[PDB]
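See below for the structure under consideration.
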Amino acid sequence: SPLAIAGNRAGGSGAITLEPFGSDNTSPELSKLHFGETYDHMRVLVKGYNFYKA
Amino acid sequence: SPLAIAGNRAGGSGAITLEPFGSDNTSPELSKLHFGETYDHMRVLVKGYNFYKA
Amino acid sequence: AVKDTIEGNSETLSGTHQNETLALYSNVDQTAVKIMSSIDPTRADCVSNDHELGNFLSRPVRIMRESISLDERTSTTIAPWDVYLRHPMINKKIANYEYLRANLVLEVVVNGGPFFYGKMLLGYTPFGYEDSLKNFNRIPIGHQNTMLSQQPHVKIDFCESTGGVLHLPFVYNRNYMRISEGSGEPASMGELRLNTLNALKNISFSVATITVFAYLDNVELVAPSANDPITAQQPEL
Amino acid sequence: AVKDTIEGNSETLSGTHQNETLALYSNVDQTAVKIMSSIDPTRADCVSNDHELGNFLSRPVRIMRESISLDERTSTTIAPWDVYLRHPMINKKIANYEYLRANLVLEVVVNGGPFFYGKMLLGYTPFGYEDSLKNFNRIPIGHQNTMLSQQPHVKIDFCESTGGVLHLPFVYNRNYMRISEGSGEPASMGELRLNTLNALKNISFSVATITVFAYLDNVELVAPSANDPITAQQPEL
Amino acid sequence: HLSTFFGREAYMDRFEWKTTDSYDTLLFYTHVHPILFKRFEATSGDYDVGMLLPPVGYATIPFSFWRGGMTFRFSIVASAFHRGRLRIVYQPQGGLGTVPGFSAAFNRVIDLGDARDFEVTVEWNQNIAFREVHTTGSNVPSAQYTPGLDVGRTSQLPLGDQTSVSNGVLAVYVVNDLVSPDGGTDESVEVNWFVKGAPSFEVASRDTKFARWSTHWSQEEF
Amino acid sequence: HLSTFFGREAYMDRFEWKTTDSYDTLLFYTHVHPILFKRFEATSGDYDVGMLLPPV
């Protein structure tokens, strides 16, 4: 019953990890292969201009 | 009678202080919270342009 | 990556805690989502150090006010403990307690010109005065002043405008006094007398005023209860 | 010879003093009769360290109570800040102040057997919810649970009897909130939603209960005023 | 520097005491904000109007938001044989439609003896950081304070409802009746008050409300 | 930061088990991509439609 209570907190921090599908293998030099730069920050993205309401 | 003469000079420098309403508590970083900058000097303010008399 | 700020504050607590009036006991575990507040040094603007909740019973309250006429001898009495605790403002902050223990502080304010030359007496009688109250009211004012002058009192001078500060202790045969509804204990702890010593005159070629305040100090409130206090009443004058 | 205990305590004071709310100024001298009290270590019997006046707003109060029936999906909402500050017991201790600033603490208590296996959701919406309130009530309960799961919430399990603790911060575009009469600020600081996640069932061979408490912590009362507070009201359930 | 305007005192008006006054009567009532107008009507022979402001009120016109403390000074004009006691009450918000207590709100009791000319400063006691600045739509502004003998206004009733531009309300009540040697029913006493700005005064905005006013009031009626 | 959107959980839907089920029966099937819509129809009295998406 302890295992059923700890697995009920918000956010799913009591869930059982289940040996995930495959592995994660990404190199740092993937941006130099695709798209040139990264898009991980929305604060930088919002500084571009957009057409609106003539 | 001395207390009635000293309290009659111009500017009200002989008045009796009366334990003011509340206290003064302002932080230096209030301009960074509101309006960005300060407006304490009229010499700087007068260097802006104003429309006048076409 | 940043904190999830929902499932980064979750944690599990025991089902037992206390809040100085309600205690809960359980054996199963709980879940907590504790989102903390910020420091914000700029969020404290109207911050003083006089108005509080602990020091609320030390707030002065006007309990007496009279106007004095020329060539008259009178007598008037009130109950200081009963009037102060029954004030509508004070009654709200003593509403879920049973017992009280504090000291009385009285203060008088007089205002008269240099043309009046009158005098008055203000005396106090401690606990036990209700027994000899039907007979003390039958004594002439002049003879009453003889006994009042031997008790904690103050003299009011009308030629000047001065007088009046009285610190009184808590005298009682019990540890505290019951302030719940139906109590008569507050109305039996003391008495204030205000009678003429010398009649007021005037140098011609006609009315003076007087005001009395009261409050408490070293207040102790104990015994929480779900009982209403004494029925509030506005001071008569 | 001993002290006269009447004219042995007399002394003269200045006519200027302060009591954190009333300050008096005068230039004439006064007279004082200060009779001090005793130590009396045996006079303190009903002395605890939980009931106070400063820590009075940290007293839990029941604001919600429901009974759950089998095979039904429902939704119910209240206003936690408005209900707590409007309680008759709490309204008395906030009566001559104008502004308040404190954090909300909620707690849920559940009771169900091992034969029930139901689930429920309880979510909170911060300041600004009144604008989107007429439209949020038009969304189906299933789709409402999607958005509530991303906000500070708690999950109620009926197979066990557990869950419910929620600490919430003070979020507001001003420094404090006005608690005087006619104020609508307390009724706009937050909202509590209680809707079904999974319908309650039972293993046969029919009603559960739930209770929610609330209180405040780090309370700050400022701006004394002679203004009545919001009209008190007993909680609806 | 703008500090030279916030700190220059100015006489505003007068009100009476009228010794035939009960123990609790309103004598003065005002809003705590720097924009207090005074309208005159060109005593000499013509028809002309004008308005005046204190040095604190004048400097905050080209701005839209204000905050800080303000200083008030009351001076009683009486002889050496006058005795009495007065009260000063401050209400942070809502106004005083009825006589308050003695400790529910901030109170001060001062006595008319050998000392006069009391001064007091009110600090910022709002839940918001900044307030608005008052304007006028016509040439006859609404009353901002109760009786002022210079402007020919003598109503002692409390006005109100200016919460969005002010920092509370000031009121003056009697405590002990005024005593004079000769005899009442014909004797009064006048009190003069001055306004100023505390060293914590502040303005931060830019506004265009004074764009069509003018300092040339001399001949504009024809 | 965009990381605050990738990492916020969300309840989507429910499916049943129905104990009267054989030993090999399909109970759930989905596509592994973040664009999963949910359409509602304004329970209260009017005609309105809407859609919802997870934070991702």
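Residues are referred to by chain and number: the chain letter is A, B, ... according to the order shown in the structure tokens, the number counts from 1 in that chain, and ligands are numbered separately from 1 in the order shown.
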Can you check which residues of chain D have any atom within 10 Å of chain B? Use only C-alpha atoms and format it as an mmCIF file with C-alpha atoms, in the first residue's frame.
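Saved result, part_5.cif, follows:
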data_model
loop_
_atom_site.group_PDB
_atom_site.id
_atom_site.type_symbol
_atom_site.label_atom_id
_atom_site.label_comp_id
_atom_site.auth_asym_id
_atom_site.auth_seq_id
_atom_site.Cartn_x
_atom_site.Cartn_y
_atom_site.Cartn_z
ATOM 1 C CA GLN D 18 1.873 58.101 22.880
ATOM 2 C CA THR D 21 -2.817 55.171 18.014
ATOM 3 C CA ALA D 23 -0.838 60.942 20.873
ATOM 4 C CA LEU D 24 -1.442 63.852 23.248
ATOM 5 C CA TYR D 25 0.560 67.081 23.448
ATOM 6 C CA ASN D 27 2.848 72.057 27.933
ATOM 7 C CA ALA D 223 -3.560 50.772 7.894
#
Using only C-alpha atoms, I'd like every residue of chain C that has an atom within 8 Å of chain D; please write them out as a PDB file with N, CA and C atoms, in the first residue's frame.
ATOM      1  N   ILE C   6       5.462  22.314 -10.904  1.00  0.00           N
ATOM      2  CA  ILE C   6       4.250  21.651 -10.436  1.00  0.00           C
ATOM      3  C   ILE C   6       4.666  20.329  -9.810  1.00  0.00           C
ATOM      4  N   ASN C  19      -2.064  23.267  15.079  1.00  0.00           N
ATOM      5  CA  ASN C  19      -2.211  24.687  14.779  1.00  0.00           C
ATOM      6  C   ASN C  19      -2.650  25.485  16.004  1.00  0.00           C
ATOM      7  N   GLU C  20      -2.241  25.043  17.197  1.00  0.00           N
ATOM      8  CA  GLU C  20      -2.415  25.754  18.462  1.00  0.00           C
ATOM      9  C   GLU C  20      -3.872  25.729  18.924  1.00  0.00           C
ATOM     10  N   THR C  21      -4.782  25.308  18.048  1.00  0.00           N
ATOM     11  CA  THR C  21      -6.166  25.072  18.447  1.00  0.00           C
ATOM     12  C   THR C  21      -6.760  23.795  17.872  1.00  0.00           C
ATOM     13  N   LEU C  22      -6.299  23.321  16.717  1.00  0.00           N
ATOM     14  CA  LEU C  22      -6.815  22.110  16.094  1.00  0.00           C
ATOM     15  C   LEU C  22      -5.651  21.176  15.807  1.00  0.00           C
ATOM     16  N   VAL C  28      -2.101   7.465   7.620  1.00  0.00           N
ATOM     17  CA  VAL C  28      -1.798   7.424   6.198  1.00  0.00           C
ATOM     18  C   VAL C  28      -1.020   8.676   5.813  1.00  0.00           C
ATOM     19  N   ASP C  29      -0.235   8.563   4.746  1.00  0.00           N
ATOM     20  CA  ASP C  29       0.557   9.683   4.266  1.00  0.00           C
ATOM     21  C   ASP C  29      -0.282  10.600   3.382  1.00  0.00           C
ATOM     22  N   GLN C  30       0.163  11.846   3.275  1.00  0.00           N
ATOM     23  CA  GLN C  30      -0.498  12.869   2.480  1.00  0.00           C
ATOM     24  C   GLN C  30       0.387  13.271   1.304  1.00  0.00           C
ATOM     25  N   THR C  31      -0.096  14.242   0.534  1.00  0.00           N
ATOM     26  CA  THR C  31       0.652  14.824  -0.571  1.00  0.00           C
ATOM     27  C   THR C  31       0.614  16.339  -0.446  1.00  0.00           C
ATOM     28  N   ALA C  32       1.753  16.977  -0.694  1.00  0.00           N
ATOM     29  CA  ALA C  32       1.896  18.415  -0.524  1.00  0.00           C
ATOM     30  C   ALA C  32       2.362  19.057  -1.821  1.00  0.00           C
ATOM     31  N   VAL C  33       1.820  20.236  -2.114  1.00  0.00           N
ATOM     32  CA  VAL C  33       2.266  21.073  -3.222  1.00  0.00           C
ATOM     33  C   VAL C  33       2.561  22.439  -2.618  1.00  0.00           C
ATOM     34  N   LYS C  34       3.814  22.668  -2.237  1.00  0.00           N
ATOM     35  CA  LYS C  34       4.221  23.877  -1.526  1.00  0.00           C
ATOM     36  C   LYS C  34       4.863  24.838  -2.521  1.00  0.00           C
ATOM     37  N   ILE C  35       4.136  25.895  -2.867  1.00  0.00           N
ATOM     38  CA  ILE C  35       4.641  26.956  -3.731  1.00  0.00           C
ATOM     39  C   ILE C  35       4.990  28.139  -2.837  1.00  0.00           C
ATOM     40  N   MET C  36       6.272  28.487  -2.787  1.00  0.00           N
ATOM     41  CA  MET C  36       6.744  29.511  -1.870  1.00  0.00           C
ATOM     42  C   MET C  36       6.569  30.905  -2.466  1.00  0.00           C
ATOM     43  N   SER C  37       6.532  31.897  -1.582  1.00  0.00           N
ATOM     44  CA  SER C  37       6.415  33.290  -1.978  1.00  0.00           C
ATOM     45  C   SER C  37       7.798  33.923  -2.119  1.00  0.00           C
ATOM     46  N   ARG C  43       7.639  45.500  -1.306  1.00  0.00           N
ATOM     47  CA  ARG C  43       6.231  45.219  -1.063  1.00  0.00           C
ATOM     48  C   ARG C  43       5.754  45.697   0.302  1.00  0.00           C
ATOM     49  N   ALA C  44       6.623  46.319   1.092  1.00  0.00           N
ATOM     50  CA  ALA C  44       6.283  46.788   2.434  1.00  0.00           C
ATOM     51  C   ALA C  44       6.297  48.315   2.423  1.00  0.00           C
ATOM     52  N   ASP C  45       5.117  48.910   2.249  1.00  0.00           N
ATOM     53  CA  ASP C  45       4.965  50.359   2.226  1.00  0.00           C
ATOM     54  C   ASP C  45       4.310  50.909   3.483  1.00  0.00           C
ATOM     55  N   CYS C  46       3.113  50.438   3.825  1.00  0.00           N
ATOM     56  CA  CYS C  46       2.394  50.925   5.002  1.00  0.00           C
ATOM     57  C   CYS C  46       2.739  50.056   6.211  1.00  0.00           C
ATOM     58  N   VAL C  47       3.980  50.201   6.668  1.00  0.00           N
ATOM     59  CA  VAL C  47       4.510  49.414   7.778  1.00  0.00           C
ATOM     60  C   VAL C  47       4.888  50.388   8.886  1.00  0.00           C
ATOM     61  N   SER C  48       4.164  50.329   9.999  1.00  0.00           N
ATOM     62  CA  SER C  48       4.495  51.067  11.204  1.00  0.00           C
ATOM     63  C   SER C  48       4.759  50.078  12.338  1.00  0.00           C
ATOM     64  N   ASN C  49       4.983  50.599  13.547  1.00  0.00           N
ATOM     65  CA  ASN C  49       5.261  49.730  14.684  1.00  0.00           C
ATOM     66  C   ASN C  49       4.375  50.037  15.888  1.00  0.00           C
ATOM     67  N   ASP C  50       3.206  50.641  15.679  1.00  0.00           N
ATOM     68  CA  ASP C  50       2.280  50.930  16.768  1.00  0.00           C
ATOM     69  C   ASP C  50       1.018  50.077  16.709  1.00  0.00           C
ATOM     70  N   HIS C  51       0.357  50.024  15.555  1.00  0.00           N
ATOM     71  CA  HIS C  51      -0.845  49.212  15.423  1.00  0.00           C
ATOM     72  C   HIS C  51      -0.477  47.739  15.290  1.00  0.00           C
ATOM     73  N   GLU C  52      -1.058  46.909  16.153  1.00  0.00           N
ATOM     74  CA  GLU C  52      -0.791  45.476  16.174  1.00  0.00           C
ATOM     75  C   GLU C  52      -2.086  44.757  16.533  1.00  0.00           C
ATOM     76  N   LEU C  53      -1.974  43.456  16.795  1.00  0.00           N
ATOM     77  CA  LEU C  53      -3.065  42.677  17.363  1.00  0.00           C
ATOM     78  C   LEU C  53      -2.817  42.264  18.803  1.00  0.00           C
ATOM     79  N   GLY C  54      -1.572  41.950  19.163  1.00  0.00           N
ATOM     80  CA  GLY C  54      -1.267  41.677  20.557  1.00  0.00           C
ATOM     81  C   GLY C  54      -1.475  42.893  21.439  1.00  0.00           C
ATOM     82  N   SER C  58      -4.359  47.940  24.635  1.00  0.00           N
ATOM     83  CA  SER C  58      -3.709  49.140  25.138  1.00  0.00           C
ATOM     84  C   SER C  58      -4.130  50.393  24.380  1.00  0.00           C
ATOM     85  N   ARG C  59      -5.287  50.361  23.720  1.00  0.00           N
ATOM     86  CA  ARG C  59      -5.766  51.490  22.939  1.00  0.00           C
ATOM     87  C   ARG C  59      -6.688  52.342  23.793  1.00  0.00           C
ATOM     88  N   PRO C  60      -6.387  53.623  23.999  1.00  0.00           N
ATOM     89  CA  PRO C  60      -7.232  54.454  24.862  1.00  0.00           C
ATOM     90  C   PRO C  60      -8.649  54.583  24.321  1.00  0.00           C
ATOM     91  N   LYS C  92     -14.915  43.185  20.245  1.00  0.00           N
ATOM     92  CA  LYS C  92     -14.663  42.265  19.141  1.00  0.00           C
ATOM     93  C   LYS C  92     -13.379  41.471  19.338  1.00  0.00           C
ATOM     94  N   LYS C  93     -12.349  42.080  19.919  1.00  0.00           N
ATOM     95  CA  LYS C  93     -11.067  41.408  20.087  1.00  0.00           C
ATOM     96  C   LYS C  93     -11.005  40.531  21.330  1.00  0.00           C
ATOM     97  N   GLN C 150      -8.210  59.568  51.299  1.00  0.00           N
ATOM     98  CA  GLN C 150      -7.307  58.544  51.808  1.00  0.00           C
ATOM     99  C   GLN C 150      -7.083  57.404  50.824  1.00  0.00           C
ATOM    100  N   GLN C 151      -7.830  57.365  49.735  1.00  0.00           N
ATOM    101  CA  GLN C 151      -7.739  56.341  48.708  1.00  0.00           C
ATOM    102  C   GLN C 151      -6.993  56.879  47.497  1.00  0.00           C
ATOM    103  N   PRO C 152      -6.530  55.994  46.592  1.00  0.00           N
ATOM    104  CA  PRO C 152      -5.895  56.477  45.357  1.00  0.00           C
ATOM    105  C   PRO C 152      -6.791  57.440  44.596  1.00  0.00           C
ATOM    106  N   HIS C 153      -6.363  58.696  44.492  1.00  0.00           N
ATOM    107  CA  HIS C 153      -7.202  59.756  43.957  1.00  0.00           C
ATOM    108  C   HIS C 153      -6.335  60.754  43.201  1.00  0.00           C
ATOM    109  N   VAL C 154      -6.991  61.763  42.631  1.00  0.00           N
ATOM    110  CA  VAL C 154      -6.311  62.865  41.962  1.00  0.00           C
ATOM    111  C   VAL C 154      -7.151  64.118  42.158  1.00  0.00           C
ATOM    112  N   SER C 161      -4.976  74.156  34.116  1.00  0.00           N
ATOM    113  CA  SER C 161      -5.576  73.047  33.375  1.00  0.00           C
ATOM    114  C   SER C 161      -4.592  71.886  33.469  1.00  0.00           C
ATOM    115  N   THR C 162      -4.704  71.096  34.535  1.00  0.00           N
ATOM    116  CA  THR C 162      -3.726  70.052  34.800  1.00  0.00           C
ATOM    117  C   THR C 162      -4.357  68.955  35.645  1.00  0.00           C
ATOM    118  N   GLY C 163      -3.685  67.818  35.679  1.00  0.00           N
ATOM    119  CA  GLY C 163      -4.027  66.752  36.595  1.00  0.00           C
ATOM    120  C   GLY C 163      -4.586  65.533  35.884  1.00  0.00           C
ATOM    121  N   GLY C 164      -4.292  64.363  36.446  1.00  0.00           N
ATOM    122  CA  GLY C 164      -4.928  63.126  36.040  1.00  0.00           C
ATOM    123  C   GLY C 164      -4.037  62.105  35.367  1.00  0.00           C
ATOM    124  N   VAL C 165      -3.532  61.166  36.168  1.00  0.00           N
ATOM    125  CA  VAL C 165      -2.886  59.931  35.732  1.00  0.00           C
ATOM    126  C   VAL C 165      -3.004  58.963  36.902  1.00  0.00           C
ATOM    127  N   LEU C 166      -3.494  57.752  36.646  1.00  0.00           N
ATOM    128  CA  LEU C 166      -3.769  56.813  37.731  1.00  0.00           C
ATOM    129  C   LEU C 166      -3.462  55.401  37.256  1.00  0.00           C
ATOM    130  N   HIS C 167      -2.457  54.777  37.862  1.00  0.00           N
ATOM    131  CA  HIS C 167      -2.120  53.384  37.603  1.00  0.00           C
ATOM    132  C   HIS C 167      -2.678  52.523  38.727  1.00  0.00           C
ATOM    133  N   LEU C 168      -3.426  51.484  38.363  1.00  0.00           N
ATOM    134  CA  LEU C 168      -4.106  50.649  39.336  1.00  0.00           C
ATOM    135  C   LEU C 168      -3.741  49.188  39.118  1.00  0.00           C
ATOM    136  N   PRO C 169      -3.571  48.421  40.189  1.00  0.00           N
ATOM    137  CA  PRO C 169      -3.195  47.013  40.055  1.00  0.00           C
ATOM    138  C   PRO C 169      -4.414  46.101  39.960  1.00  0.00           C
ATOM    139  N   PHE C 170      -4.141  44.839  39.637  1.00  0.00           N
ATOM    140  CA  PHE C 170      -5.170  43.805  39.551  1.00  0.00           C
ATOM    141  C   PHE C 170      -5.296  43.153  40.922  1.00  0.00           C
ATOM    142  N   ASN C 175      -7.572  34.006  40.294  1.00  0.00           N
ATOM    143  CA  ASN C 175      -6.437  34.227  39.409  1.00  0.00           C
ATOM    144  C   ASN C 175      -6.790  35.127  38.231  1.00  0.00           C
ATOM    145  N   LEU C 221      -4.671  37.149  27.942  1.00  0.00           N
ATOM    146  CA  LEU C 221      -5.896  36.465  27.551  1.00  0.00           C
ATOM    147  C   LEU C 221      -5.639  34.966  27.449  1.00  0.00           C
ATOM    148  N   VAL C 222      -6.475  34.179  28.131  1.00  0.00           N
ATOM    149  CA  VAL C 222      -6.286  32.735  28.232  1.00  0.00           C
ATOM    150  C   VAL C 222      -7.629  32.040  28.053  1.00  0.00           C
ATOM    151  N   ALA C 223      -7.593  30.701  28.088  1.00  0.00           N
ATOM    152  CA  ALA C 223      -8.766  29.833  28.086  1.00  0.00           C
ATOM    153  C   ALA C 223      -9.651  30.041  26.863  1.00  0.00           C
ATOM    154  N   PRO C 224      -9.216  29.615  25.676  1.00  0.00           N
ATOM    155  CA  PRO C 224     -10.080  29.718  24.495  1.00  0.00           C
ATOM    156  C   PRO C 224     -11.384  28.960  24.701  1.00  0.00           C
TER     157      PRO C 224
END
Could you check which of E:42, E:178, E:191, E:2 is closest to chain C, using only C-alpha atoms? E:178
Residues within 7 Å of residue E:111, please, as number ranges by chain. Count only C-alpha atoms; anything in the same chain fewer than 6 positions from it doesn't count. D: 26; E: 84-86
Please identify every residue of chain B that has at least one atom no farther than 9 Å from an atom of chain E, counting only C-alpha atoms, and for each give the shortest atom pair and the distance in Å to one decimal, arranged by chain then increasing number, as a tab-separated table.
residue	atom	partner	partner_atom	distance
B:1	CA	E:114	CA	6.0
B:2	CA	E:114	CA	8.5
B:3	CA	E:115	CA	5.6
B:4	CA	E:115	CA	5.2
B:5	CA	E:115	CA	8.9
B:7	CA	E:117	CA	6.2
B:8	CA	E:117	CA	7.6
B:11	CA	E:9	CA	6.7
B:12	CA	E:73	CA	7.8
B:14	CA	E:117	CA	7.9
B:15	CA	E:118	CA	5.2
B:16	CA	E:118	CA	5.1
B:17	CA	E:119	CA	5.9
B:18	CA	E:120	CA	5.4
B:19	CA	E:120	CA	7.5
B:20	CA	E:121	CA	5.3
B:21	CA	E:122	CA	5.0
B:22	CA	E:123	CA	6.1
B:23	CA	E:123	CA	6.6
B:24	CA	E:123	CA	6.7
B:26	CA	E:200	CA	8.8
B:34	CA	E:129	CA	8.6
B:35	CA	E:204	CA	7.2
B:37	CA	E:204	CA	8.2
B:38	CA	E:204	CA	6.4
B:39	CA	E:204	CA	5.5
B:40	CA	E:2	CA	5.9
B:41	CA	E:1	CA	4.9
B:42	CA	E:1	CA	5.5
B:43	CA	E:1	CA	6.8
Between atom CA of residue E:61 and atom CA of residue E:48 lies a distance of 22.7 Å
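All residues of stretch 124-163 of chain E that DSSP, run on the backbone, classes as strand (DSSP E or B) are residues 131, 132, 145, 148 and 153 of chain E.
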Spatial neighbours of residue E:21, max dist 12 Å, only C-alpha atoms, sep filter under 5 positions, as a PDB file with N, CA, C and O atoms, in the first residue's frame:
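After the write, part_28.pdb holds the following:
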ATOM      1  N   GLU E  16     -13.212  78.903  11.374  1.00  0.00           N
ATOM      2  CA  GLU E  16     -13.538  79.462  12.677  1.00  0.00           C
ATOM      3  C   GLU E  16     -13.697  78.365  13.721  1.00  0.00           C
ATOM      4  O   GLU E  16     -13.833  77.181  13.399  1.00  0.00           O
ATOM      5  N   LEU E  26     -17.597  69.019  13.622  1.00  0.00           N
ATOM      6  CA  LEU E  26     -16.607  69.101  12.557  1.00  0.00           C
ATOM      7  C   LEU E  26     -16.247  70.554  12.276  1.00  0.00           C
ATOM      8  O   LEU E  26     -17.126  71.398  12.080  1.00  0.00           O
ATOM      9  N   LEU E  27     -14.947  70.845  12.260  1.00  0.00           N
ATOM     10  CA  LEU E  27     -14.449  72.177  11.949  1.00  0.00           C
ATOM     11  C   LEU E  27     -13.735  72.265  10.611  1.00  0.00           C
ATOM     12  O   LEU E  27     -13.754  73.326   9.987  1.00  0.00           O
ATOM     13  N   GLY E  84      -8.639  75.797  25.303  1.00  0.00           N
ATOM     14  CA  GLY E  84      -9.423  74.826  24.564  1.00  0.00           C
ATOM     15  C   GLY E  84      -8.561  73.651  24.160  1.00  0.00           C
ATOM     16  O   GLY E  84      -7.366  73.591  24.465  1.00  0.00           O
ATOM     17  N   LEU E  86      -8.354  70.585  20.764  1.00  0.00           N
ATOM     18  CA  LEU E  86      -8.825  70.166  19.453  1.00  0.00           C
ATOM     19  C   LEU E  86      -8.319  68.764  19.135  1.00  0.00           C
ATOM     20  O   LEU E  86      -7.482  68.200  19.845  1.00  0.00           O
ATOM     21  N   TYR E 173     -11.845  67.985  14.794  1.00  0.00           N
ATOM     22  CA  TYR E 173     -12.980  67.929  15.701  1.00  0.00           C
ATOM     23  C   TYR E 173     -12.635  68.611  17.017  1.00  0.00           C
ATOM     24  O   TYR E 173     -11.470  68.665  17.422  1.00  0.00           O
ATOM     25  N   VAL E 174     -13.662  69.131  17.678  1.00  0.00           N
ATOM     26  CA  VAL E 174     -13.507  69.710  19.007  1.00  0.00           C
ATOM     27  C   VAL E 174     -13.385  68.590  20.031  1.00  0.00           C
ATOM     28  O   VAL E 174     -13.898  67.483  19.838  1.00  0.00           O
ATOM     29  N   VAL E 175     -12.678  68.871  21.124  1.00  0.00           N
ATOM     30  CA  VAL E 175     -12.581  67.939  22.242  1.00  0.00           C
ATOM     31  C   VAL E 175     -13.087  68.638  23.496  1.00  0.00           C
ATOM     32  O   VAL E 175     -14.038  68.180  24.137  1.00  0.00           O
ATOM     33  N   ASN E 176     -12.453  69.753  23.847  1.00  0.00           N
ATOM     34  CA  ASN E 176     -12.866  70.589  24.967  1.00  0.00           C
ATOM     35  C   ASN E 176     -13.255  71.954  24.421  1.00  0.00           C
ATOM     36  O   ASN E 176     -12.522  72.532  23.613  1.00  0.00           O
ATOM     37  N   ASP E 177     -14.408  72.460  24.859  1.00  0.00           N
ATOM     38  CA  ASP E 177     -14.957  73.705  24.336  1.00  0.00           C
ATOM     39  C   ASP E 177     -14.023  74.882  24.591  1.00  0.00           C
ATOM     40  O   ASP E 177     -13.309  74.910  25.598  1.00  0.00           O
ATOM     41  N   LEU E 178     -14.021  75.853  23.681  1.00  0.00           N
ATOM     42  CA  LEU E 178     -13.177  77.030  23.821  1.00  0.00           C
ATOM     43  C   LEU E 178     -13.721  77.930  24.922  1.00  0.00           C
ATOM     44  O   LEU E 178     -14.929  78.176  24.995  1.00  0.00           O
ATOM     45  N   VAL E 179     -12.830  78.419  25.780  1.00  0.00           N
ATOM     46  CA  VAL E 179     -13.195  79.237  26.929  1.00  0.00           C
ATOM     47  C   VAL E 179     -12.597  80.625  26.748  1.00  0.00           C
ATOM     48  O   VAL E 179     -11.397  80.760  26.475  1.00  0.00           O
ATOM     49  N   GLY E 184     -19.464  84.116  25.722  1.00  0.00           N
ATOM     50  CA  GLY E 184     -19.745  83.585  24.403  1.00  0.00           C
ATOM     51  C   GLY E 184     -20.919  84.224  23.690  1.00  0.00           C
ATOM     52  O   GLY E 184     -21.309  85.352  24.002  1.00  0.00           O
ATOM     53  N   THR E 185     -21.464  83.500  22.708  1.00  0.00           N
ATOM     54  CA  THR E 185     -22.617  83.877  21.889  1.00  0.00           C
ATOM     55  C   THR E 185     -22.283  84.991  20.902  1.00  0.00           C
ATOM     56  O   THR E 185     -23.106  85.328  20.046  1.00  0.00           O
ATOM     57  N   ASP E 186     -21.082  85.569  21.005  1.00  0.00           N
ATOM     58  CA  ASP E 186     -20.641  86.551  20.021  1.00  0.00           C
ATOM     59  C   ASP E 186     -19.152  86.455  19.705  1.00  0.00           C
ATOM     60  O   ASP E 186     -18.641  87.297  18.956  1.00  0.00           O
ATOM     61  N   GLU E 187     -18.440  85.469  20.242  1.00  0.00           N
ATOM     62  CA  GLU E 187     -16.991  85.392  20.122  1.00  0.00           C
ATOM     63  C   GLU E 187     -16.585  84.192  19.274  1.00  0.00           C
ATOM     64  O   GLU E 187     -17.141  83.100  19.417  1.00  0.00           O
ATOM     65  N   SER E 188     -15.609  84.408  18.390  1.00  0.00           N
ATOM     66  CA  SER E 188     -15.073  83.358  17.537  1.00  0.00           C
ATOM     67  C   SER E 188     -13.551  83.412  17.585  1.00  0.00           C
ATOM     68  O   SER E 188     -12.958  84.241  18.282  1.00  0.00           O
ATOM     69  N   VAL E 189     -12.919  82.519  16.830  1.00  0.00           N
ATOM     70  CA  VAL E 189     -11.465  82.475  16.714  1.00  0.00           C
ATOM     71  C   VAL E 189     -11.132  81.800  15.390  1.00  0.00           C
ATOM     72  O   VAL E 189     -11.780  80.828  14.993  1.00  0.00           O
TER      73      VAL E 189
END
Using only C-alpha atoms, which chain F residues lie at most 7 Å away from chain A, written as a PyMOL selection string? chain F and resi 1-2+9
At most 8 Å to chain C: residues in chain F, only C-alpha atoms, as a PyMOL selection string: chain F and resi 3-4+7-8
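Atom CA of residue E:151 is positioned 7.0 Å from atom CA of residue E:39.
Backbone DSSP over stretch 36-224 of chain D gives alpha helix (DSSP H) for residues 80, 81, 82, 83, 84, 85, 88, 89, 90, 91, 92, 93, 141, 142, 143, 144, 145, 146, 147 and 148 of chain D.
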Filtering to C-alpha atoms, could you give me those residues as a short mmCIF file (atom, residue, chain, number, x, y, z; two decimals), in the first residue's frame?
data_model
loop_
_atom_site.label_atom_id
_atom_site.label_comp_id
_atom_site.auth_asym_id
_atom_site.auth_seq_id
_atom_site.Cartn_x
_atom_site.Cartn_y
_atom_site.Cartn_z
CA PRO D 80 -11.38 30.32 -0.64
CA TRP D 81 -10.18 33.83 0.22
CA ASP D 82 -13.71 35.25 0.32
CA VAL D 83 -15.14 32.44 2.47
CA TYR D 84 -12.34 32.41 5.07
CA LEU D 85 -12.22 36.17 5.69
CA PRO D 88 -18.06 35.17 11.78
CA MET D 89 -15.18 34.19 14.08
CA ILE D 90 -12.50 35.64 11.78
CA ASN D 91 -14.45 38.80 10.89
CA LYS D 92 -14.20 40.13 14.45
CA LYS D 93 -10.38 40.19 14.58
CA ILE D 141 -16.07 18.19 -17.14
CA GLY D 142 -13.73 15.84 -18.99
CA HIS D 143 -12.11 18.68 -20.92
CA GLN D 144 -11.96 20.84 -17.79
CA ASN D 145 -9.80 18.20 -16.08
CA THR D 146 -7.18 18.58 -18.82
CA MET D 147 -6.51 22.22 -17.91
CA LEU D 148 -6.86 21.68 -14.15
#
